[PDB]
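Some notes on the structure that comes next.
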Amino acid sequence: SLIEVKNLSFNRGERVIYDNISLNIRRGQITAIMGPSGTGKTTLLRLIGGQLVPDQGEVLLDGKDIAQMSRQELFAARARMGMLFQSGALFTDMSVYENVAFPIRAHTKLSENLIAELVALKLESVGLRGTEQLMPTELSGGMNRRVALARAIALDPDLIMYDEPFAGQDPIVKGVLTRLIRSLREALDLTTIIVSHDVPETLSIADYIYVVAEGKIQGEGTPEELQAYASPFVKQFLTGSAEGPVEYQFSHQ
Amino acid sequence: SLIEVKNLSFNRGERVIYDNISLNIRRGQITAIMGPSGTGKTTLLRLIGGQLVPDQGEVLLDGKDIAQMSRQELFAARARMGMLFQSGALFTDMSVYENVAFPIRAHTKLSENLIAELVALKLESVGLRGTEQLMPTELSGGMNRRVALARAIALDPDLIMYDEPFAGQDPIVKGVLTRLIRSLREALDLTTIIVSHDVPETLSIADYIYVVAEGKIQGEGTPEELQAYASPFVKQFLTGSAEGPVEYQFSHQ
Amino acid sequence: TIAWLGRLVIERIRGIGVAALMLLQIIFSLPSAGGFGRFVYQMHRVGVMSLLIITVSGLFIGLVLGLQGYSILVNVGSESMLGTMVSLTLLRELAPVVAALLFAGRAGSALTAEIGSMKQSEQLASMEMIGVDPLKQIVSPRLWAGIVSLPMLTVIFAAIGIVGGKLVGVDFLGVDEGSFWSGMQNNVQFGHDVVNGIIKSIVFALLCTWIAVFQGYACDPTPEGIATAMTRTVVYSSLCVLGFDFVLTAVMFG
Amino acid sequence: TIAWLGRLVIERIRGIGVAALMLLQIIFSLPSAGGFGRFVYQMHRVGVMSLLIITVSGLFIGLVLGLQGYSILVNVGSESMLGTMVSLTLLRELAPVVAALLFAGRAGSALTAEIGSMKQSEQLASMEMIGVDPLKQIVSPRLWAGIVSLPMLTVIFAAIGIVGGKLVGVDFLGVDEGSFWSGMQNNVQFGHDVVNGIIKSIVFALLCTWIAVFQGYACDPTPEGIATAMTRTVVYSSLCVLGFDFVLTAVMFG
Amino acid sequence: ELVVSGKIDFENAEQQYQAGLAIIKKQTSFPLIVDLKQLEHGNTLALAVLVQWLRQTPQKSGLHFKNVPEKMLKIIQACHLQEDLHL
Ligand SMILES: Nc1ncnc2c1ncn2[C@@H]1O[C@H](COP(=O)(O)OP(=O)(O)NP(=O)(O)O)[C@@H](O)[C@H]1O
Ligand SMILES: Nc1ncnc2c1ncn2[C@@H]1O[C@H](COP(=O)(O)OP(=O)(O)NP(=O)(O)O)[C@@H](O)[C@H]1O
C-alpha cells in the first residue's frame with residue numbers, strides 16, 4: 001500500500017502540531033520519522049491511521065480518500081494495518097491467547113479450531129510458542145512487548161507501524177527487535193513505519209527518512225542524503241551535537 | 001574520597017538482588033555501571049551508603065565503616081553527596097529558587113543574602129540563570145533535569161551520582177548532559193558515578209566500567225579491557241547482538 | 001486574577017454537556033447482544049465484591065438506630081416506636097443514602113480508576129483500529145453492572161439494618177416482639193415505603209455510575225489526572241446523591 | 001486455593017502493626033524544630049478547600065430532616081418536636097458521621113494520593129539523602145492539619161443543618177417558632193450533647209487522617225499502587241468511622 | 001590592600017562576609033585590590049561572598065582577575081561567569 005499524506009494540518013485545541021506536512025509512504029519500503037521529543041510524532045501516526053480528524057488535510061489509501069469511505073469500506077480497511085503502541089497496549093484482563101487472537105473476531109467468523117491454530121503460528125513466529133495460557137501481566141519486559149507485536153501482525157496486514165520501538169533500554173531487546181523487524185519485513189512483504197528516538201538505531205534500518213520538528217519537515221532523504229543536505233537543524237539533530245539552534249535563558253548584570 | 005564496598009549481600013522481597021559485590025570507586029575518576037534492566041541498578045547505588053541496609057558486607061567512606069560510627073559525623077558526611085534519582089525529582093510545591101536552595105538549610109545557617117547568591121551561581125553553572133521564580137512544573141523536560149542537577153551540586157559535594165541519566169531522551173539533551181558531566185567533573189574535582197543502560201554513551205565517558213548482572217559482577221575493566229574479555233554474557237551485553245545467553249520460548253510438535 | 005474563576009466554571013460546565021452526550025450514546029444504541037453475555041462477569045467487581053462493606057455498615061447503622069431510638073423513645077413509646085422508627089428510617093432515608101455513598105466510594109473510585117487506566121495506557125485507544133467500538137465493548141457492561149448492583153445492595157443494607165435494630169432494641173433492651181413486628185406492619189406500606197426506597201435507589205444508581213464512567217474516560221492523558229479523577233468521582237456523585245435525595249423525598253412523602 | 005485468603009489476612013494484619021508503629025513515631029511533638037508556617041499552609045488543602053462541599057451537604061441534610069420530621073409529626077399533632085429532633089439528630093448522630101464520611105471522603109482521598117505520589121516520584125527518597133527527615137516535613141503538618149480541620153468542619157455542618165431544618169420546618173410549613181427554639185433547649189444542652197458530638201469527631205479525625213497518611217506513605221513503589229491506595233483509604237476510613245461510632249454512642253448516651 | 005584572608009567555610013561565612021563589608025564601607029575608588037590567593041580553595045561560597053561584596057558598589061569596576069586562584073578561575077570559566085576582569 002502507498003499512503004499519501006498531503007497538506008496535513010492539525011491542532012490540539014489551539015496549539016498547532018502540524019502545518020502542511022507532505023509525506024510519501026513508499027510501498028514495500030521501511031520509512032522512518034525522527035525528531036525532537038514531544039513534537040507530535042505519535043500524533044502524526046494517529047492522523048495517518050485515520051483515528052484523528054485532520055484539519056483540511058488529505059489522506060489517501062491506495063489513492064482513495066479516507067474521508068469519503070463508507071462504513072463497510074472503512075471497516076474492511078481496518079484489516080489492512082496493525083500497530084504496536086509505546087506502552088505495548090496489552091489487555092490485562094485476558095490471557096495471551098485472547099490478546100493475540102482478539103482482532104480476528106473483528107473481521108472473520110471462524111471455528112474455534114482454526115482460531116487456535118492461527119494463534120499458535122503467530123506466537124511461534126516471534127518466539128512466544130511457550131507462553132500460551134499465561135496472563136500477560138506475568139511476562140518479563142521483552143516478552144511483554146513481543147506479545148503486543150504478535151497482535152499487530154495477527155491479521156497479515158499490509159502496514160505495520162511501530163511507535164518508539166527503539167526506546168527500549170535493554171541492549172538485548174534492541175538486538176531482538178531489530179531482528180524481528182527485518183525478519184517480518186521480509187517474511188510478510190510488509191511496508192513499515194518506524195517512529196523513534198536514539199539515532200544510532202533508525203539510521204541503519206530505514207530505507208528512507210523524514211526529519212520532523214515544529215510542525216515542519218526539516219529535510220528528507222536516505223540516511224546518506226540527509227547527511228549530504230543536513231541543514232544545521234538536521235545536522236546537529238542527527239549528530240546529537242551541542243551548539244545547534246538550542247536556547248536557554250541568559251543575561252547578566 | 002575513595003569508596004569501597006565489600007562482600008555486599010542484599011535480599012529484598014525474599015530475593016537476592018546482590019551477592020558478594022566488591023567495588024572500588026576510584027577518586028576523581030568516572031566509575032560506571034552497566035547491565036540488563038531490572039537487576040538492581042538503582043538498588044546498588046542506594047546501598048552505596050544511603051538509606052538501605054545490607055544484610056552482609058561493609059560500606060567504607062575514607063576507609064571508615066559508616067554503620068554505627070557516629071551520628072554527628074554521618075549527618076555532616078551526608079553533605080558530601082548529590083543525586084539525580086531516575087527521572088529526577090523536583091519538589092512541586094517549591095519554586096526553582098527554593099529547590100536549589102533547599103539542601104543548604106540542612107547544614108548551614110546563612111543570611112538570606114548569601115543563600116540567594118549561592119542559588120544564583122549554581123543555576124548559572126547549568127545554564128539556568130534567571131529562571132528562579134518560575135515553578136518547576138512549568139519547565140520543559142530538558143530544564144527539569146538541569147534544575148535537579150543544580151540542587152545536587154549545591155553544597156559542593158565530592159560525589160555525584162547520576163542514576164540512569166541517559167536512559168531515555170532527546171539526542172540534543174544527550175549532548176547537553178554529556179557536556180555538563182565533562183565540565184563539572186573538572187570544575188569541581190568530582191568523583192562521579194554513571195549508571196546507565198545506553199551502553200554506547202557510557203563507553204566513551206567512564207574511566208572504568210563494571211558489568212553487573214544477576215547479582216554478580218560478571219567482568220570489569222576500562223572500556224578497552226572489557227572488549228578484550230568476551231565472556232558470552234558480557235560480550236553480548238556490550239554489543240547488542242541478539243545471540244548469546246538469552247532465551248526464547250519454543251519447541252515444535 | 002478574578003477571570004480565573006470564570007474560566008474554571010465555564011469549562012467545568014462544558015464538561016457536563018459532554019457527559020450528557022456520552023450517556024446518550026451508550027444507552028441509546030447497544031445492538032451487540034452477543035457480547036453482552038459478559039456483563040455478568042463485570043458484575044463481579046461491582047456487586048459481588050461490595051457485599052462485605054454494605055453488610056457491615058448496615059449492621060452498625062441498625063444497632064446505632066436501635067440505641068438512639070431507645071434512649072429517646074423510653075419517654076414516648078418504645079413498645080410501639082422502635083418498630084416504626086427503625087423500619088421507616090431505613091426504608092426511606094438511610095438505605096438509599098448510606099448504601100449509595102458507600103457504593104460511590106468503593107465501587108465508584110475503583111471503576112473510575114479502571115477506565116482511567118484503560119485510557120492512560122493507550123490500551124483502549126488501540127481498539128479503534130481493530131474496529132471494536134470501546135463503548136460497546138468496555139463501557140456498556142460497566143454501566144449496566146452499576147444499575148443492577150446498587151438497588152440489590154440497597155435492599156440488603158436495609159435487611160441488615162432491621163436485624164441490627166431488633167437485635168439491640170428488642171432483645172437486649174426489653175421490648176415486645178409482638179408490637180415491634182405489628183407496629184412495622186401497621187405503618188410500613190409496601191406502597192410506597194418499600195417502593196420509594198427502591199425508586200430512589202435506581203435514580204442514584206444511574207446518576208452515580210454515570211459520573212464514574214464519565215470521569216474515568218478523561219480527556220487529558222497525564223498520570224496526575226488519575227488521582228484527580230478518583231477524587232472527583234467521589235465528590236461529585238456524593239453531592240448529587242444528596243441533592244436529588246432531597247427533591248425526591250420531598251415529593252414522595254409531601 | 002484456600003490458603004490465598006489466609007495469606008491475605010495475614011498480610012493485612014501485619015500492615016496494621018506497621019501503621020501503629022508509624023503513628024507512634026510521628027505523634028511525638030518533635031515538629032517544633034522547624035517553622036509552623038507549613039502547617040498554616042497545609043490547612044489550606046485539608047480544611048479550607050473543603051468548606052464548599054461540607055456546607056452544601058449540611059444544607060440538604062437539614063432540609064431533608066425538616067421534611068421527614070414534619071410528615072411524621074403531623075400524625076402525632078406535636079410540632080415542638082421539630083426543634084428537639086432536628087437538634088438531637090444533627091448533634092448526636094449525623095454531623096459526626098456525615099462530616100466524617102464526606103471529609104475522608106475527599107480530603108482523605110486527596111491526601112493519600114499526594115503523599116503516595118511523593119513516594120512514587122522519588123521525592124521522599126531524595127529528602128533522606130539530603131538529610132531532612134521526611135516525617136518532620138511531609139507527614140507531620142498533614143496529620144495535624146487533618147486533626148484540627150475535621151472537628152471544626154463537623155460544627156459547621158451541624159450549624160448549617162439546624163438552620164436548614166428550621167428553614168423548612170418552621171418557615172414554610174407553619175410551625176410556631178417559639179416552640180422550635182424552646183424545644184431545642186428542652187432538653188438538649190450545649191454542655192453535654194454538643195460536647196459529645198465534638199468528642200466523637202476528634203476520634204474520627206484521627207482515624208481518618210491516620211489511615212490516609214499511612215496508605216499513601218507506607219508502600220513499596222508499585223505503579224498501580226496509587227489508584228489502589230486511594231480506593232483502600234476510602235473503604236477503611238469509612239468502616240472505621242462507623243465501627244467506632246457505634247461503640248462511642250453506646251457509652252455517651254447509654 | 002585589606003584582604004579577607006583564610007578559609008571561608010559555611011560555618012563562618014557570615015563573619016567573613018561582614019569583615020569585607022567593613023572594608024567596603026571604608027570605600028576607595030579605584031576599589032582596593034584583594035589578593036584572593038590568600039584564601040583556602042574548594043569553596044564556592046567564597047565566590048558568593050566575593051560577588052556580593054563587589055555588588056555593594058556595582059558602579060565601580062573593582063576587578064582584580066590577576067589575584068584569582070586557579071581553582072576559582074576554573075569554576076568561573078566553567079560556569080560562564082567569565083567577564084573581562086583583567087588589570
Ligand atoms: N484530547 C486531548 N486534549 C489535550 N491533549 C491531548 C489530547 N489527546 C492527546 N493529547 C496530546 O497528545 C500529544 C501527543 O504527541 P507527543 O506529545 O509529541 O508525544 P509523543 O509522540 O509520544 N512524544 P515522543 O515519544 O517524543 O515522540 C500530547 O502533546 C498531548 O497534549
Ligand atoms: N522498597 C521496595 N520493597 C520491595 N520491592 C521493591 C521496592 N522497590 C522496588 N521494588 C523492587 O526492587 C527492585 C528496585 O530496584 P532496581 O532493580 O534497582 O530498579 P532498576 O534496575 O533501576 N529499574 P529499571 O530502571 O527499570 O532498570 C526491583 O526488582 C523492583 O521490583
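Lettering and numbering for the C-alpha cells are positional, with chains as A, B, ... in the shown order, residues counted from 1 in each chain, and ligands counted from 1 in the shown order.
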
Quiz prompt | Contacts of ligand 2, 6 Å or closer, only C-alpha atoms and all ligand atoms, given as a PyMOL selection string | solution = (chain B and resi 12-13+37-43) or (chain D and resi 220-221)

How would chain C read as a short mmCIF file (atom, residue, chain, number, x, y, z; two decimals) with C-alpha atoms, in the first residue's frame once least-squares superposed on chain D using all paired C-alpha atoms?
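Heads up, here's the output in superposed10.cif:
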data_model
loop_
_atom_site.label_atom_id
_atom_site.label_comp_id
_atom_site.auth_asym_id
_atom_site.auth_seq_id
_atom_site.Cartn_x
_atom_site.Cartn_y
_atom_site.Cartn_z
CA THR C 1 -6.44 -22.45 46.75
CA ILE C 2 -7.68 -21.74 50.40
CA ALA C 3 -4.34 -20.70 51.93
CA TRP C 4 -4.58 -17.65 49.69
CA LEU C 5 -7.06 -16.09 52.04
CA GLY C 6 -4.86 -17.07 54.85
CA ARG C 7 -1.94 -15.18 53.44
CA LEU C 8 -4.07 -12.14 52.58
CA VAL C 9 -5.31 -11.79 56.11
CA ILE C 10 -1.94 -12.31 57.66
CA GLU C 11 -0.36 -9.61 55.61
CA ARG C 12 -3.08 -7.07 56.00
CA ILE C 13 -2.94 -7.39 59.68
CA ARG C 14 0.87 -7.05 59.70
CA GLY C 15 0.34 -3.77 57.99
CA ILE C 16 -1.80 -2.47 60.87
CA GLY C 17 1.07 -3.15 63.15
CA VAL C 18 3.25 -1.03 60.93
CA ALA C 19 0.72 1.75 60.90
CA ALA C 20 0.69 1.82 64.64
CA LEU C 21 4.45 2.19 64.71
CA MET C 22 4.36 5.02 62.21
CA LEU C 23 1.74 6.85 64.20
CA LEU C 24 3.79 6.60 67.27
CA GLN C 25 6.78 8.18 65.66
CA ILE C 26 4.95 11.06 64.12
CA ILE C 27 3.08 12.05 67.24
CA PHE C 28 5.75 11.14 69.80
CA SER C 29 8.58 13.32 68.61
CA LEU C 30 8.18 16.67 66.89
CA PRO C 31 10.87 19.12 68.17
CA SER C 32 11.23 21.12 64.93
CA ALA C 33 8.92 23.96 65.92
CA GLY C 34 10.49 26.38 63.44
CA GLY C 35 9.15 24.39 60.50
CA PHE C 36 5.68 23.89 61.90
CA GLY C 37 4.83 27.45 61.15
CA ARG C 38 3.87 26.18 57.72
CA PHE C 39 1.07 23.86 58.79
CA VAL C 40 -1.24 26.81 58.38
CA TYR C 41 -0.44 26.53 54.70
CA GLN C 42 -1.17 22.84 54.67
CA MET C 43 -4.54 23.49 56.20
CA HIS C 44 -5.51 25.25 53.03
CA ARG C 45 -5.93 21.93 51.26
CA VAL C 46 -7.76 20.08 53.96
CA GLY C 47 -9.94 22.67 55.64
CA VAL C 48 -10.35 25.65 53.41
CA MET C 49 -10.85 23.72 50.25
CA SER C 50 -13.47 21.47 51.80
CA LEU C 51 -16.10 23.96 53.03
CA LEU C 52 -18.04 23.94 49.84
CA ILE C 53 -18.84 20.27 50.09
CA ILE C 54 -19.58 20.18 53.76
CA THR C 55 -21.81 23.26 53.50
CA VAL C 56 -23.88 22.01 50.62
CA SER C 57 -24.41 18.63 52.16
CA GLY C 58 -25.32 20.17 55.51
CA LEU C 59 -28.08 22.14 53.86
CA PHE C 60 -29.56 19.20 52.05
CA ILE C 61 -29.50 17.04 55.13
CA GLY C 62 -31.19 19.71 57.21
CA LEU C 63 -33.96 20.14 54.65
CA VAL C 64 -34.50 16.41 54.36
CA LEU C 65 -34.74 15.94 58.09
CA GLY C 66 -37.21 18.77 58.16
CA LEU C 67 -39.51 17.18 55.61
CA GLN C 68 -39.38 13.65 56.99
CA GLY C 69 -39.65 14.72 60.55
CA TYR C 70 -42.66 16.81 59.71
CA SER C 71 -44.61 14.14 57.82
CA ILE C 72 -44.22 11.77 60.79
CA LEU C 73 -44.51 14.40 63.52
CA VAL C 74 -47.78 15.90 62.35
CA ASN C 75 -49.26 12.74 64.06
CA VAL C 76 -47.30 13.29 67.30
CA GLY C 77 -46.06 16.81 68.06
CA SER C 78 -44.37 18.89 65.37
CA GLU C 79 -44.82 22.09 67.41
CA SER C 80 -42.47 20.58 70.03
CA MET C 81 -40.76 17.81 68.04
CA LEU C 82 -39.26 19.51 65.00
CA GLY C 83 -37.07 21.49 67.29
CA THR C 84 -36.00 18.62 69.45
CA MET C 85 -35.46 16.07 66.67
CA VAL C 86 -33.66 18.27 64.22
CA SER C 87 -31.16 19.44 66.77
CA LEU C 88 -30.54 16.15 68.49
CA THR C 89 -30.19 14.28 65.26
CA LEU C 90 -27.63 16.65 63.88
CA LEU C 91 -25.65 17.02 67.06
CA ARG C 92 -25.55 13.40 68.02
CA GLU C 93 -25.53 11.31 64.89
CA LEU C 94 -25.28 13.11 61.65
CA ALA C 95 -22.78 15.89 61.87
CA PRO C 96 -20.18 13.40 63.28
CA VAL C 97 -20.91 10.85 60.55
CA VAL C 98 -21.95 12.63 57.44
CA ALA C 99 -19.24 15.20 57.74
CA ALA C 100 -16.81 12.49 58.70
CA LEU C 101 -17.51 10.47 55.59
CA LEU C 102 -17.64 13.36 53.16
CA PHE C 103 -14.33 14.42 54.61
CA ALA C 104 -12.91 10.94 54.34
CA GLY C 105 -13.81 11.13 50.70
CA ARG C 106 -12.75 14.65 49.65
CA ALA C 107 -9.79 15.16 51.93
CA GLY C 108 -8.90 11.56 52.48
CA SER C 109 -8.38 10.40 48.95
CA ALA C 110 -6.70 13.60 47.95
CA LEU C 111 -4.29 13.44 50.80
CA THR C 112 -3.40 9.84 50.26
CA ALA C 113 -2.87 10.44 46.62
CA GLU C 114 -0.54 13.26 47.39
CA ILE C 115 1.66 11.30 49.74
CA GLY C 116 1.53 8.46 47.29
CA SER C 117 2.97 10.59 44.54
CA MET C 118 5.59 12.01 46.85
CA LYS C 119 6.76 8.45 47.32
CA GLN C 120 6.31 7.18 43.76
CA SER C 121 8.24 9.92 42.09
CA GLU C 122 11.10 9.23 44.48
CA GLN C 123 10.94 12.88 45.44
CA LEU C 124 10.35 12.06 49.03
CA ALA C 125 13.18 9.61 49.17
CA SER C 126 15.69 12.23 48.03
CA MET C 127 15.20 14.06 51.27
CA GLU C 128 16.83 11.34 53.32
CA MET C 129 20.18 12.22 51.90
CA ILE C 130 19.78 15.84 52.66
CA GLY C 131 19.28 15.05 56.29
CA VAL C 132 15.70 16.21 56.44
CA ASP C 133 13.52 13.69 58.06
CA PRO C 134 10.40 13.46 55.83
CA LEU C 135 8.18 12.68 58.70
CA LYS C 136 8.89 15.98 60.31
CA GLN C 137 8.83 17.92 57.07
CA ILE C 138 6.10 16.25 54.97
CA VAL C 139 3.89 14.18 57.19
CA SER C 140 3.63 16.22 60.39
CA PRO C 141 1.72 19.24 59.05
CA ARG C 142 -0.62 17.02 57.11
CA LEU C 143 -1.69 14.96 60.02
CA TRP C 144 -2.22 18.05 62.10
CA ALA C 145 -4.23 19.84 59.49
CA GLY C 146 -6.56 16.85 59.51
CA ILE C 147 -7.03 16.96 63.28
CA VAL C 148 -8.03 20.56 63.41
CA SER C 149 -10.02 20.71 60.23
CA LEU C 150 -12.52 17.95 60.66
CA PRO C 151 -13.88 19.19 64.06
CA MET C 152 -14.33 22.68 62.78
CA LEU C 153 -16.13 21.34 59.72
CA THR C 154 -18.30 19.11 61.90
CA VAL C 155 -19.64 22.15 63.71
CA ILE C 156 -20.39 23.95 60.49
CA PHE C 157 -22.20 20.98 59.09
CA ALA C 158 -24.56 21.06 62.05
CA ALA C 159 -24.94 24.83 61.91
CA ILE C 160 -26.12 24.58 58.37
CA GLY C 161 -28.29 21.59 59.15
CA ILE C 162 -30.15 23.70 61.76
CA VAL C 163 -30.75 26.39 59.15
CA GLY C 164 -32.03 23.75 56.76
CA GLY C 165 -34.37 22.19 59.31
CA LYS C 166 -35.89 25.50 60.33
CA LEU C 167 -36.14 26.77 56.79
CA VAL C 168 -38.59 24.12 55.82
CA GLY C 169 -40.02 22.87 59.14
CA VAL C 170 -40.92 26.24 60.56
CA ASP C 171 -41.01 28.70 57.67
CA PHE C 172 -42.77 26.77 54.87
CA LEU C 173 -44.68 24.12 56.75
CA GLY C 174 -46.46 26.19 59.47
CA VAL C 175 -44.70 25.83 62.87
CA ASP C 176 -44.05 28.30 65.75
CA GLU C 177 -40.58 29.84 66.12
CA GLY C 178 -41.17 30.08 69.85
CA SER C 179 -41.59 26.39 70.64
CA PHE C 180 -39.01 25.40 68.03
CA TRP C 181 -36.30 27.37 69.78
CA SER C 182 -37.37 26.74 73.32
CA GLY C 183 -37.84 23.05 72.65
CA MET C 184 -34.28 22.83 71.51
CA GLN C 185 -33.08 24.62 74.61
CA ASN C 186 -35.12 22.41 76.87
CA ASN C 187 -33.77 19.18 75.48
CA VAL C 188 -30.32 20.01 74.10
CA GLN C 189 -27.75 20.33 76.75
CA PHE C 190 -24.36 21.70 76.06
CA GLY C 191 -23.24 19.05 78.53
CA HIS C 192 -23.30 16.67 76.69
CA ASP C 193 -25.28 16.88 73.45
CA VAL C 194 -22.98 19.46 71.91
CA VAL C 195 -19.92 18.17 73.64
CA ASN C 196 -20.38 14.58 72.58
CA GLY C 197 -20.66 15.59 68.95
CA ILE C 198 -17.25 17.21 69.30
CA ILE C 199 -15.69 14.28 71.08
CA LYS C 200 -16.76 11.87 68.42
CA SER C 201 -15.46 14.29 65.81
CA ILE C 202 -11.97 14.31 67.35
CA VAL C 203 -11.87 10.56 67.41
CA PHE C 204 -12.85 10.33 63.81
CA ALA C 205 -10.45 13.06 62.77
CA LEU C 206 -7.53 11.19 64.15
CA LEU C 207 -8.47 7.81 62.99
CA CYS C 208 -9.43 8.86 59.52
CA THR C 209 -6.44 11.04 58.79
CA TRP C 210 -4.09 8.52 60.31
CA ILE C 211 -5.24 5.96 57.80
CA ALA C 212 -4.95 8.33 54.85
CA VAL C 213 -1.34 9.08 55.66
CA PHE C 214 -0.45 5.53 56.27
CA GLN C 215 -1.75 4.14 53.06
CA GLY C 216 -0.35 6.90 50.93
CA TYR C 217 3.07 6.11 52.36
CA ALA C 218 2.96 2.65 50.75
CA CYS C 219 5.66 0.02 50.49
CA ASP C 220 5.37 -1.04 46.85
CA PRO C 221 6.55 1.62 44.26
CA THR C 222 4.26 0.49 41.41
CA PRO C 223 1.88 3.01 39.60
CA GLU C 224 -1.03 0.59 39.97
CA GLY C 225 -0.68 1.07 43.69
CA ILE C 226 -1.75 4.66 43.71
CA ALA C 227 -5.21 3.84 42.56
CA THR C 228 -5.33 0.97 44.94
CA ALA C 229 -4.30 3.16 47.82
CA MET C 230 -6.95 5.68 47.03
CA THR C 231 -9.72 3.14 47.01
CA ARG C 232 -8.56 1.62 50.22
CA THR C 233 -8.34 4.82 52.19
CA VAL C 234 -11.96 5.49 51.47
CA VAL C 235 -13.05 1.99 52.42
CA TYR C 236 -11.07 1.63 55.60
CA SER C 237 -11.74 4.91 57.16
CA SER C 238 -15.34 4.54 56.26
CA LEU C 239 -15.81 1.31 58.13
CA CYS C 240 -13.76 2.50 61.03
CA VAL C 241 -15.89 5.55 61.48
CA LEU C 242 -19.02 3.50 61.60
CA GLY C 243 -17.54 0.92 63.97
CA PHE C 244 -16.24 3.47 66.44
CA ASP C 245 -19.32 5.58 66.13
CA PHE C 246 -21.33 2.69 67.40
CA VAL C 247 -19.28 2.15 70.45
CA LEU C 248 -18.96 5.79 71.37
CA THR C 249 -22.64 6.59 71.00
CA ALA C 250 -23.48 3.48 73.00
CA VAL C 251 -21.56 4.88 75.92
CA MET C 252 -22.39 8.53 75.60
CA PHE C 253 -26.12 8.10 75.58
CA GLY C 254 -26.50 4.67 77.39
#

Considering only C-alpha atoms and all ligand atoms, tabulate each residue of chain B that lies at most 10 Å from ligand 1 along with its nearest interatomic pair and the corresponding distance in Å to one decimal; arrange the rows by chain and ascending residue number and present them as CSV.
residue,atom,partner,partner_atom_place_in_ligand_line,distance
B:168,CA,ligand 1,25 (O),9.6
B:169,CA,ligand 1,26 (O),8.0
B:170,CA,ligand 1,26 (O),7.6

Exercise. Considering only C-alpha atoms, extract the chain E residues located within 10 Å of chain B and return them as number ranges by chain.
Key: E: 9-14, 17, 42-49, 51-52, 71-81

Self-check item: Per-residue DSSP, region 119-224 of chain B, filtered to strand (DSSP E), as a list in words
Solution: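 Filtering region 119-224 of chain B to strand (DSSP E) leaves residues 159, 160, 161, 162, 163, 191, 192, 193, 194, 195, 208, 209, 210, 211, 212, 213, 216, 217, 218, 219, 220 and 221 of chain B.
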
Show me, as a compact mmCIF listing (two decimals) with N, CA and C atoms, in the first residue's frame, the residues of chain A whose atoms get within 7 Å of chain C, using only C-alpha atoms for the distance check.
# COMPACT_ATOMS: atom_id res chain seq x y z
N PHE A 75 -14.47 -0.27 7.51
CA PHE A 75 -14.34 -1.40 8.37
C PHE A 75 -13.41 -2.39 7.74
N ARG A 78 -9.74 -1.46 7.98
CA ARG A 78 -9.04 -1.65 9.24
C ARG A 78 -8.20 -2.92 9.23
N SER A 87 3.42 1.76 25.00
CA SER A 87 3.33 1.01 26.26
C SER A 87 3.17 -0.48 26.06
N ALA A 89 0.27 -1.71 24.96
CA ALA A 89 -1.16 -1.86 24.85
C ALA A 89 -1.68 -3.29 25.02
N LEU A 90 -1.27 -4.03 26.05
CA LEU A 90 -1.87 -5.37 26.22
C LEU A 90 -3.10 -5.27 27.08
N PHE A 91 -4.02 -6.21 26.90
CA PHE A 91 -5.21 -6.23 27.70
C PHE A 91 -4.96 -7.05 28.93
N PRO A 103 -8.20 -9.50 17.45
CA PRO A 103 -8.61 -8.82 16.26
C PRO A 103 -9.20 -9.76 15.23
N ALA A 106 -12.85 -9.38 14.81
CA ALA A 106 -13.42 -8.18 14.26
C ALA A 106 -13.70 -8.36 12.78

Quiz item: Could you list, as an MDAnalysis selection string, every residue of chain A that has an atom within 10 Å of an atom of chain B, counting only C-alpha atoms?
Solution: chainID A and resid 35:38 123:131 140:143 166:179 197:200 236:252

Take the selection from the previous step and output its residues with C-alpha atoms, as an mmCIF file, in the first residue's frame.
data_model
loop_
_atom_site.group_PDB
_atom_site.id
_atom_site.type_symbol
_atom_site.label_atom_id
_atom_site.label_comp_id
_atom_site.auth_asym_id
_atom_site.auth_seq_id
_atom_site.Cartn_x
_atom_site.Cartn_y
_atom_site.Cartn_z
ATOM 1 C CA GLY A 35 12.665 14.351 15.550
ATOM 2 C CA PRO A 36 12.835 16.114 18.934
ATOM 3 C CA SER A 37 10.876 14.885 21.862
ATOM 4 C CA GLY A 38 7.315 15.928 22.159
ATOM 5 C CA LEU A 123 3.262 -16.801 18.580
ATOM 6 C CA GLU A 124 5.828 -19.158 17.074
ATOM 7 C CA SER A 125 6.922 -16.558 14.516
ATOM 8 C CA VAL A 126 8.096 -14.264 17.314
ATOM 9 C CA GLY A 127 9.434 -16.907 19.763
ATOM 10 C CA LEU A 128 6.360 -16.986 22.038
ATOM 11 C CA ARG A 129 5.095 -20.526 21.414
ATOM 12 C CA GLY A 130 5.583 -21.408 25.068
ATOM 13 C CA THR A 131 3.575 -18.528 26.650
ATOM 14 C CA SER A 140 9.025 -10.202 31.643
ATOM 15 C CA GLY A 141 9.679 -6.942 29.771
ATOM 16 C CA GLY A 142 10.932 -8.391 26.497
ATOM 17 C CA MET A 143 8.174 -10.992 26.377
ATOM 18 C CA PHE A 166 13.921 1.618 19.938
ATOM 19 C CA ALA A 167 13.153 3.457 23.120
ATOM 20 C CA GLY A 168 13.647 0.166 24.949
ATOM 21 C CA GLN A 169 16.636 0.477 27.157
ATOM 22 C CA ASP A 170 17.932 -3.074 27.263
ATOM 23 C CA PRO A 171 20.687 -3.713 24.611
ATOM 24 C CA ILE A 172 19.436 -7.282 24.394
ATOM 25 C CA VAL A 173 15.983 -6.141 23.422
ATOM 26 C CA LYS A 174 17.297 -3.680 20.909
ATOM 27 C CA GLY A 175 19.027 -6.672 19.310
ATOM 28 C CA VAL A 176 15.865 -8.737 19.195
ATOM 29 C CA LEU A 177 13.536 -6.050 17.913
ATOM 30 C CA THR A 178 15.918 -5.091 15.177
ATOM 31 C CA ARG A 179 15.962 -8.663 14.040
ATOM 32 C CA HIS A 197 14.493 8.195 19.233
ATOM 33 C CA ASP A 198 18.258 7.436 19.633
ATOM 34 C CA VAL A 199 19.667 7.790 16.142
ATOM 35 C CA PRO A 200 22.253 5.022 16.088
ATOM 36 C CA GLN A 236 23.123 18.777 14.822
ATOM 37 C CA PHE A 237 19.997 16.721 15.402
ATOM 38 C CA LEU A 238 21.344 13.639 13.739
ATOM 39 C CA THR A 239 24.758 14.150 15.266
ATOM 40 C CA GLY A 240 23.488 14.751 18.801
ATOM 41 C CA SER A 241 25.774 17.757 18.814
ATOM 42 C CA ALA A 242 25.716 20.681 21.119
ATOM 43 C CA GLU A 243 25.546 24.271 19.816
ATOM 44 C CA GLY A 244 22.642 23.668 17.470
ATOM 45 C CA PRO A 245 19.590 26.017 17.397
ATOM 46 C CA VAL A 246 19.017 25.293 21.073
ATOM 47 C CA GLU A 247 18.378 28.065 23.579
ATOM 48 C CA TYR A 248 18.476 28.634 27.364
ATOM 49 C CA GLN A 249 17.798 31.782 29.325
ATOM 50 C CA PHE A 250 20.766 34.100 29.630
ATOM 51 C CA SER A 251 21.617 37.671 30.583
ATOM 52 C CA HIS A 252 23.859 39.032 33.309
#
